[PDB]
Amino acid sequence: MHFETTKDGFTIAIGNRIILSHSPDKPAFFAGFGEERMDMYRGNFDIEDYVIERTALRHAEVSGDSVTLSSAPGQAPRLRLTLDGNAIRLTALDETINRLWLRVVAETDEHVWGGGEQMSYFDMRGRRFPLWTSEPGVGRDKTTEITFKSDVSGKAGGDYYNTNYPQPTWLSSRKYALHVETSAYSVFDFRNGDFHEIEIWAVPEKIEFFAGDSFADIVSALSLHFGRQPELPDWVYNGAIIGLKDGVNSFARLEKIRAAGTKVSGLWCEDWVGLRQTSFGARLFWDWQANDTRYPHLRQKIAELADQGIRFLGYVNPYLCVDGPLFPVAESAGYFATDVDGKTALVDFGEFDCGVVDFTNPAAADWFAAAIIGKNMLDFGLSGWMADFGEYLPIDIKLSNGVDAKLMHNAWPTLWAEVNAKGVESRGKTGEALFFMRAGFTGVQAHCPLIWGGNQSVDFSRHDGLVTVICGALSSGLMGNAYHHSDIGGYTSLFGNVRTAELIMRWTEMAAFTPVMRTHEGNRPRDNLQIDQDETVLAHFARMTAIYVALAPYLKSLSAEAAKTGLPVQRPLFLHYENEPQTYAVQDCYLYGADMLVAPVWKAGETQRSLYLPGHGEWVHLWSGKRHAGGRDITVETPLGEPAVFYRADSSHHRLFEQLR
Amino acid sequence: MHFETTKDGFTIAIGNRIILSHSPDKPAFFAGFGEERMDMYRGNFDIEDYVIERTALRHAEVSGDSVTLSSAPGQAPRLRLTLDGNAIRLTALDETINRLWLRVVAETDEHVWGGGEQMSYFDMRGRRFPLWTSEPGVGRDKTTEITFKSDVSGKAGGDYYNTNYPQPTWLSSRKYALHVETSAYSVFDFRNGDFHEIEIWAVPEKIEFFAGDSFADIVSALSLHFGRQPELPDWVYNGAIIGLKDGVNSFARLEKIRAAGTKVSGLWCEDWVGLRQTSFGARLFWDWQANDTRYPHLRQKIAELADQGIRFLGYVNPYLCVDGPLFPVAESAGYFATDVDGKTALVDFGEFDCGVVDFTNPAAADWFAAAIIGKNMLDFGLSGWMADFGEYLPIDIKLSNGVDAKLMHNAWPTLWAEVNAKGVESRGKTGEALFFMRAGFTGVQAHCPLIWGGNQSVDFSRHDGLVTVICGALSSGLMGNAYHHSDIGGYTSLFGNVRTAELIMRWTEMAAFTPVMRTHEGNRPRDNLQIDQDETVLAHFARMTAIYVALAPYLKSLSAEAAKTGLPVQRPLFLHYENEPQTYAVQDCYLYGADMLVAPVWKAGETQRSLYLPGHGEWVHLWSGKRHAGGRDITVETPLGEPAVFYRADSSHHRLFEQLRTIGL
Ligand SMILES: O=S(=O)(O)C[C@H]1O[C@H](OC[C@H](O)CO)[C@H](O)[C@@H](O)[C@@H]1O
Ligand SMILES: O=S(=O)(O)C[C@H]1O[C@H](OC[C@H](O)CO)[C@H](O)[C@@H](O)[C@@H]1O
């Protein structure tokens with residue numbers, strides 16, 4: 001990075017690219033003080049700042065590699081910048097600053113991607129994105145009835161920026177990435193043509209920069225910095241993970257699914273710990289051991305399924321319910337986050353109370369890894385699980401390490417990911433055991449082998465349906481999470497919103513061209529269509545699993561590529577077509593590796609799909625063999641069973657693709 | 001008021017009452033800079049500030065009655081304070097400031113009222129109130145389906161703080177009032193226990209203070225400062241103003257209403273200019289002269305009704321539609337507000353586009369007063385009218401006086417009020433012509449003789465129904481508007497929300513204990529029940545008009561009191577019961593003068609009403625004659641016809657009140 005003087009002040013650049021521009025009249029930094037409200041209701045945050053001071057740091061004193069910044073000439077310095085390689089280090093000289101604003105130079109036509117896993121907008125330009133892990137919202141669009149009803153009944157509607165996995169990292173179309181090293185609340189403000197504004201409710205230790213001649217190279221460098229995932233385990237390629245939460249009846253339903261020719265890698269029973277009925281629906285009993293009442297011979301059933309080549313997966317989250325036998329064990333060992341009066345802090349998760357296992361206490365972290373992940377899950381015979389939640393830390397609780405909950409809230413998913421990874425490592429099962437997370441922050445990449453898109457509504461809505469999965473895959477992919485998947489058919493059934501046959505089949509069509517096909521009965525299983533309950537849906541499902549298994553050699557090559565280069569399995573078109581401006585904001589299509597293009601149908605009643613075909617080569621339609629020229633919009637027939645999928649005519653895997661026809 | 005120095009800085013007090021407290025660690029003033037967005041859609045504003053600087057003025061140099069304020073010691077001074085009498089004068093020393101924050105000292109249990117005409121919250125403590133005249137919203141509550149559908153279809157839902165009539169004036173339970181002399185956007189922030197914060201998108205010329213031993217005396221002093229209204233004209237006391245927009249059929253409907261025994265002071269036909277029927281509702285043709293197609297005999301019908309003791313009222317607003325014959329007259333004379341390129345600025349009202357008559361051009365203001373108010377209305381025989389709108393000035397339009405639309409937006413209702421008042425004065429009809437306004441700002445009090453509560457939903461909802469009228473009366477009353485009323489049965493019918501018989505009758509019951517009973521067919525007349533269309537509603541309406549006419553001598557005494565002392569007809573209980581803390585936040589009951597207490601039923605299906613009865617005396621239930629002791633909660637039967645109304649047993653008007661029981665029976 002190059003410091004350079006100008007007429008009125010200075011610039012900081014990486015290569016040809018000016019990043020920071022300071023002058024008294026156009027300052028780069030503003031500093032001040034706020035009093036926030038962050039009220040939590042069931043993982044939804046009502047956040048409002050009261051800004052008491054915001055003051056431009058107009059005056060810069062340069063002393064070599066250090067810049068000292070003050071409000072005005074003669075006034076006491078408030079902030080120090082140090083250029084240290086690819087990083088701007090920041091030191092608060094005024095202890096009272098808890099609000100910092102930083103402007104980075106922007107061009108009018110610049111795109112910015114990342115922000116963690118964004119569900120609504122892939123290109124974030126033109127909008128503001130707070131970065132605070134939470135419930136992402138049901139509906140997530142104030143103009144829909146579902147969002148309105150979620151807001152009225154539970155403050156649960158959310159909005160376009162809410163995510164289980166925020167990250168204060170962006171990739172710019174100017175070919176640099178920026179990372180802020182903080183766990184504090186922060187906002188990316190992309191509303192202004194001439195600058196991006198970062199708000200941080202802290203002075204971060206540093207801001208780190210990555211540059212390169214291609215987007216691919218910057219993503220490689222980001223994945224190396226956050227850490228890469230192991231290759232997918234070989235057993236995943238055997239077919240779909242069937243999600244059932246029907247107790248002993250799960251096994252009879254698995255048999256019916258297999259009898260239709262379905263390729264099955266795994267049975268995933270999140271109710272392995274038993275059910276809890278609430279007004280939300282069929283929830284789980286949060287006590288992390290096999291429930292002999294619900295699954296009386298589970299250890300034997302796991303060994304029986306293993307002899308048929310089918311793994312078994314469960315469910316765990318980092319909270320313990322008050323009415324479970326593990327709660328008093330953990331409370332006696334002092335493993336819970338505490339309230340102001342030193343008592344176990346109880347959080348309302350929705351008509352039941354749970355303690356938060358305090359992962360800042362190393363003994364609590366070690367216990368959860370060894371006793372629950374190790375003994376109760378891996379030694380019991382689980383090959384994997386949903387590793388759920390991580391986003392419910394309220395800011396009014398006290399943690400063993402003495403760090404404010406305001407700073408630990410965003411750190412929680414990364415701590416939770418590490419507990420899972422340590423338990424896996426302790427059994428030598430890294431790269432074989434498959435846990436998947438919906439929550440995240442900086443560093444989850446190093447610990448979690450597979451992200452899932454959390455809870456979608458059971459619909460085709462713009463802001464909470466099928467299409468939001470693709471946005472989540474593309475964003476989280478640029479942040480160095482190579483492997484993304486979703487619940488086939490979505491999760492959230494509320495206010496009479498229920499699945500259709502068409503929704504399940506369209507969702508299956510996308511999932512077959514992702515790393516993992518997994519189903520989910522959802523929050524209200526008996527109110528919603530399941531893959532086994534309609535002959536047409538089941539036959540469609542079986543066929544798509546056969547297509548997934550036939551594509552295994554191609555997916556295995558993409559997983560190898562992800563381990564060697566960091567590039568995600570689901571790629572935005574601009575990553576391989578930099579000179580084509582039409583590819584830069586596309587968020588409902590992805591490149592499945594370099595060689596396939598996928599354009600999922602995300603609306604009810606569509607028989608056709610229009611998409612931009614990139615490049616100067618030919619693309620082959622997977623189902624017909626018909627060739628199409630790159631560099632134009634095209635329309636193809638997409639009846640049920642035949643998603644808009646194309647491969648490069650020059651693909652080394654052409655013989656494999658020709659077979660899936 | 002006096003400066004007093006302390007260890008670290010200074011205080012400003014009126015008597016025993018600290019108002020401003022400054023120290024470097026706890027400053028009173030913050031200054032900076034913002035870039036606002038204020039996008040208008042049919043009078044609804046989407047407002048968002050981008051605050052670029054907010055900087056505490058930590059350093060004060062005190063020099064007699066004057067203080068100079070800077071960010072820090074040694075830095076260039078930014079603001080000057082001078083105490084001149086009851087006022088703090090402010091001078092910007094830095095030309096770049098367009099944002100000023102001022103903290104005034106508060107106690108944890110302090111109440112604050114005013115803010116103009118507030119429709120949701122009378123006691124504003126605990127919440128923030130932006131002060132920008134607009135459409136007040138349909139539903140005005142983000143948890144209702146009406147608000148949701150209004151937001152989705154037209155960004156039209158609004159919220160608790162939206163009002164046709166904001167005013168940067170408050171009365172404190174600490175017995176002072178504060179007035180900010182500005183027309184800029186401002187916010188009253190009452191969210192903090194220890195201070196009130198005022199935000200202003202300008203440096204105001206001054207902040208004025210009023211202090212007294214009683215709330216009544218502070219209201220008197222505020223009314224003297226803004227200006228008082230004439231007494232109600234004698235003809236109002238003859239009964240209800242019947243609102244009809246049914247053309248020639250209006251007269252046959254008036255006859256059926258009169259045949260039921262209804263006491264009628266006036267026929268109000270807003271469609272006197274013609275009905276613009278759309279798929280969306282029954283709007284008016286915005287060209288301000290009698291329409292010979294709609295009312296072919298209007299001049300003769302006015303003289304016929306006058307011989308029967310019935311006045312005629314119309315409708316006017318300060319905009320002209322492009323397809324009307326007055327538009328070209330005004331365009332040719334240069335009487336319209338202009339866009340950036342100097343062309344006539346057209347504003348979208350929904351189904352039609354209109355020009356804004358530029359009242360900052362004196363010739364345009366004089367033309368409107370002489371040609372429209374004078375010739376087309378008063379000389380045509382109108383005794384009064386709805387003087388509508390005033391809140392739709394967009395901030396991207398250019399005005400003849402060269403003042404930014406950002407400062408003229410809030411001033412518009414007061415300029416519009418003045419045009420109406422000048423036209424009335426030009427015919428010597430001040431105190432006789434009755435025009436009524438929904439929009440307002442500082443000074444509307446001096447010009448407008450009667451406020452109306454604007455458009456309510458046709459419902460009992462908390463944030464847009466019958467109960468919001470009472471909140472509007474109490475707030476606007478403390479601001480020196482002595483006379484308030486509402487459309488009987490509300491206005492806004494959208495999304496299948498339609499009137500019930502019960503809604504009309506409950507609304508009528510309240511209106512009979514207000515200065516003016518007036519009906520309105522609303523935006524969708526044929527979808528909604530009207531007072532003449534149900535035998536039970538009509539009979540109930542006739543009886544309440546007889547009650548109103550019998551109460552005239554009492555209302556006349558309250559109007560005399562309003563002209564002499566400034567006190568509003570509809571008073572908050574705390575104004576006459578200062579030592580009773582239960583009276584301070586009550587906003588669904590009012591004192592109708594000192595001697596009557598009114599507790600309207602504002603919910604469907606209620607047969608009973610509970611209220612706090614104040615004082616150490618006895619109250620008489622109007623309908624039964626049964627006495628009730630002051631100083632406790634009471635529950636009375638409130639069947640249709642018998643609102644919870646009480647009078648003081650010791651009232652000099654007891655003989656009049658005793659008589660209402662028998663009209664009643
Ligand atoms: O019902 S439980 O809580 O026991 C289990 C579920 O927990 C998460 O969803 C819960 C919602 O976030 C509630 O607001 C997962 O996303 C889902 O797959 C899983 O079934
Ligand atoms: O239909 S018109 O617009 O020509 C006349 C009406 O104008 C106002 O209401 C209009 C709303 O504010 C629209 O948003 C008055 O309040 C109402 O009484 C009157 O009937």
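Proteins get letters first, then strands, A, B, ... in listed order; numbering begins at 1 in each. Just follow the structure's listing: the first ligand is 1, and inside any ligand the first atom is 1. Atom set for the values below is all heavy atoms of this structure, side chains included, hydrogens, waters and symmetry mates excluded.
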Below 4.0 Å, non-hydrogen atoms only: which portion of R438(A) touches ligand 1? Side chain, backbone, both or neither.
side chain

Centre of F349(B)'s six-membered ring, under 6.0 Å away, within 45 degrees of the axis: is that where NZ or CZ of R42(B) sits?
no

Could you give me the CA-CA distance, side-chain angles and deciding distance for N481(A) and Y165(A), then say whether side chain to side chain donor-acceptor pair (under 3.5 Å) is met?
CA-CA 11 Å; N481(A) 307 272; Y165(A) 177 11; 2.9 Å; yes

Give yes if a backbone or side-chain nitrogen or oxygen of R42(B) is under 3.5 Å from a nitrogen or oxygen of ligand 2, and no if not.
yes

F285(B) touching ligand 2 at heavy-atom level, < 4.0 angstrom:
no

Does an N or O anywhere in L284(B) fall below 3.5 Å from an N or O of ligand 2?
yes

Which protein heavy atom lies closest to atom 14 (O) of ligand 1, and at what distance to 0.1 Å?
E135(A) OE2, 3.2 Å

Ligand 2 contact by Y392(B), heavy-atom criterion under 4.0 angstrom
yes

Got the closest protein heavy atom to atom 18 (O) of ligand 1, with its distance?
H520(A) NE2, 2.8 Å

For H409(B), which of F441(B), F45(B), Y392(B) qualifies under ring pair (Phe, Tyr, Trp, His ring centres under 6.0 Å)?
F45(B)

Side chain, backbone, both or neither: which applies to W286(A) and ligand 1 if a contact is any heavy-atom pair less than 4.0 Å apart?
side chain

Can a side-chain donor-acceptor contact be found between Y315(B) and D388(B) if the only test is distance below 3.5 angstrom?
yes

List ligand 1 atoms under 4.0 Å from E270(A), heavy atoms only on the residue side.
19 (C), 20 (O)

Hey, does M386(A) sit under 4.0 Å from ligand 1 if you only count heavy atoms?
yes

Ring of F280(A), cation from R283(A) - is the NZ or CZ under 6.0 Å from the centre and inside 45° of the axis?
yes

What residue and heavy atom of the protein are closest to atom 11 (C) of ligand 2, and at what distance?
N455(B) ND2, 3.3 Å

Quick one: does ligand 1 sit under 4.0 Å from the side chain of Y319(A), the backbone, both or neither, non-hydrogen atoms only?
neither

Geometric cation-pi criterion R518(B) and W268(B), 6.0 Å radius, 45° cone
yes

Heavy-atom gap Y315(B) to ligand 2 smaller than 4.0 Å:
yes

Could you pull out the closest heavy-atom pair between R294(A) and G247(A), with the gap in Å?
NH2-N, 3.3 Å

Among protein heavy atoms, which sits nearest to atom 7 (O) of ligand 1, and what does the distance come to when rounded to 0.1 Å?
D388(A) OD2, 2.7 Å

Hydrogens and angles aside, do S493(A) and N528(A) bring a side-chain donor and acceptor to less than 3.5 Å of each other?
yes

Protein contact to atom 2 (S) of ligand 2 [nearest heavy atom, distance to 0.1 Å]
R283(B) NE, 3.7 Å

Closest approach of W452(A) to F436(A) (non-hydrogen atoms, all atoms of both residues)
CZ3-O, 3.6 Å

Judged by atom type as modelled, is there a donor-acceptor pair below 3.5 Å linking the side chain of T278(A) to the main-chain atoms of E351(A)?
no

Any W452(A) heavy atom less than 4.0 Å to ligand 1
yes

